[PDB]
Trainee: 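Below you will find the structure I want to go over with you.
No hydrogens, no waters, no symmetry mates; every other heavy atom, side chains included, goes into these values. In what follows, every chain begins at residue 1, and chains take the letters A, B, ... in the order their sequences are listed.
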Amino acid sequence: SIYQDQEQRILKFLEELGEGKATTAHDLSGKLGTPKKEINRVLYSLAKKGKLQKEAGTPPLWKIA
Amino acid sequence: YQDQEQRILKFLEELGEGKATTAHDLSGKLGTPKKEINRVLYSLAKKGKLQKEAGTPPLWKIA
DNA sequence: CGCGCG
DNA sequence: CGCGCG
């Protein structure tokens, strides 16, 4: 599905960046060319599945867990 | 914008200055998306034309 | 301004 | 779930 494609693209991006390196949803949205709204829906979903770690803040930072 | 803004002000007035309602209610009653019912409501509240009552969801009435 | 919301 | 957000 398209949703699974976006999940895979996000995970690959965070995996390439660095396991202990985090970035914003805004950065993910721009780099992948996907609406921030869809990036966040996927980001919070993955974080709920424990695959990603959300760093408390504003805006929230994201990294591979 | 003046378009939608006067419709919401009218509804809440016909409702009665003492009575308050939600954006979700206004959205269905007026047949307008909640996203913009809220853009107008928050604007009108800032302009002092409306009073927002704290809560989840917020209640809206004529100031 | 944090927003992901169906 | 409060969301108005460009």
Side-chain angles (χ1 to χ4, degrees):
Chain A
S1 64
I2 294 285
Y3 175 89
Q4 292 178 317
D5 286 349
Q6 303 300 357
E7 285 188 312
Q8 286 165 166
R9 300 178 66 222
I10 288 179
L11 285 173
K12 184 186 173 190
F13 186 101
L14 299 169
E15 280 167 23
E16 292 177 336
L17 181 53
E19 297 221 354
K21 248 148 301 226
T23 193
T24 62
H26 182 72
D27 183 40
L28 254 340
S29 165
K31 294 293 172 54
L32 304 180
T34 306
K36 190 162 67 61
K37 149 190 199 60
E38 296 183 18
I39 296 298
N40 269 322
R41 176 97 112 93
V42 174
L43 284 175
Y44 281 93
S45 169
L46 289 170
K48 171 133 66 246
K49 294 176 185 175
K51 286 191 176 186
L52 289 188
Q53 193 190 314
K54 173 173 170 291
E55 294 187 2
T58 170
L61 276 296
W62 304 87
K63 49 157 60 171
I64 290 295
Chain B
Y1 203 171
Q2 282 353 94
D3 260 74
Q4 294 289 359
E5 206 183 50
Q6 236 94 86
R7 299 186 67 226
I8 298 181
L9 235 37
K10 175 179 300 209
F11 181 99
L12 296 167
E13 177 54 63
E14 298 180 342
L15 199 89
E17 314 201 335
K19 287 62 120 122
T21 199
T22 67
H24 179 243
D25 188 18
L26 265 359
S27 184
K29 252 55 176 298
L30 302 173
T32 297
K34 191 170 68 69
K35 182 183 162 79
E36 271 248 358
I37 289 297
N38 272 318
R39 173 80 88 89
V40 177
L41 290 173
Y42 278 90
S43 180
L44 284 176
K46 197 178 168 188
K47 294 180 180 178
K49 301 201 189 74
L50 290 188
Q51 283 190 168
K52 186 193 68 171
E53 320 201 304
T56 293
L59 290 178
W60 304 87
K61 55 142 59 84
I62 290 293

Trainee: Hey, is the side chain of B:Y42 poking within less than 4.0 Å of OP1 or OP2 on D:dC5, counting only N and O atoms?
Mentor: no
Trainee: In this structure, how many angstroms lie between the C1' atom of C:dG4 and the CG atom of A:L28, rounded?
Mentor: 13 Å
Trainee: In this structure, how many angstroms lie between the P atom of C:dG6 and the CG atom of A:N40, rounded?
Mentor: 13 Å
Trainee: Under 4.0 Å, heavy atom to any atom of DNA chain C: which of residues 52-65 of chain A qualify?
Mentor: A:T58, A:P59, A:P60
Trainee: B:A20 and B:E53: which non-hydrogen atoms are nearest, and at how many Å?
Mentor: CB-OE1, 3.4 Å
Trainee: Distance check, rounded to the nearest 0.5 Å: A:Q6 atom CD versus A:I39 atom CD1?
Mentor: 6.0 Å
Trainee: Find the distance A:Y3:OH to C:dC5:P and express it as a whole number of Å.
Mentor: 10 Å
Trainee: Taking NE2 from B:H24 and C1' from C:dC5, how many angstroms apart are they, rounded to a whole number?
Mentor: 12 Å
Trainee: In whole angstrom, give the distance that lies between atom NZ of B:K34 and atom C1' of D:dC1.
Mentor: 8 Å
Trainee: Starting the side chain at C-beta, find the nucleotide from C:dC5, D:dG4, C:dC3 nearest to B:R39.
Mentor: D:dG4
Trainee: Whole-Å distance between D:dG6 P and B:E36 CD?
Mentor: 10 Å
Trainee: Within the pair B:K35 and D:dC5, is there a side-chain N or O less than 4.0 Å away from OP1 or OP2?
Mentor: yes
Trainee: For residues 1-38 of chain A, which residue pairs qualify under ring-ring contact (aromatic ring centres under 6.0 Å, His included), counting only residues two or more places apart or in two chains?
Mentor: none
Trainee: Taking the side chain as every heavy atom from C-beta outward, state whether B:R7 and B:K10 have any atom pair closer than 4.5 Å.
Mentor: no
Trainee: Is there a path from B:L9 to B:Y1 through hydrophobic residues (I, L, V, M, F, W, Y) whose side chains come within less than 4.5 Å of each other?
Mentor: yes
Trainee: Could you check whether B:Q2 and B:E5, counting side-chain N and O atoms only, form a donor-acceptor pair closer than 3.5 Å?
Mentor: yes
Trainee: What is the distance from NZ of A:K48 to P of C:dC5, rounded to the nearest Å?
Mentor: 11 Å
Trainee: According to ring-ring contact (aromatic ring centres under 6.0 Å, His included), does anything in residues 36-59 of chain A pair up with another residue at least two apart or in another chain? List the pairs.
Mentor: A:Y44-A:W62
Trainee: Round to a whole Å and report the spacing from CG of B:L41 to P of D:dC5.
Mentor: 11 Å
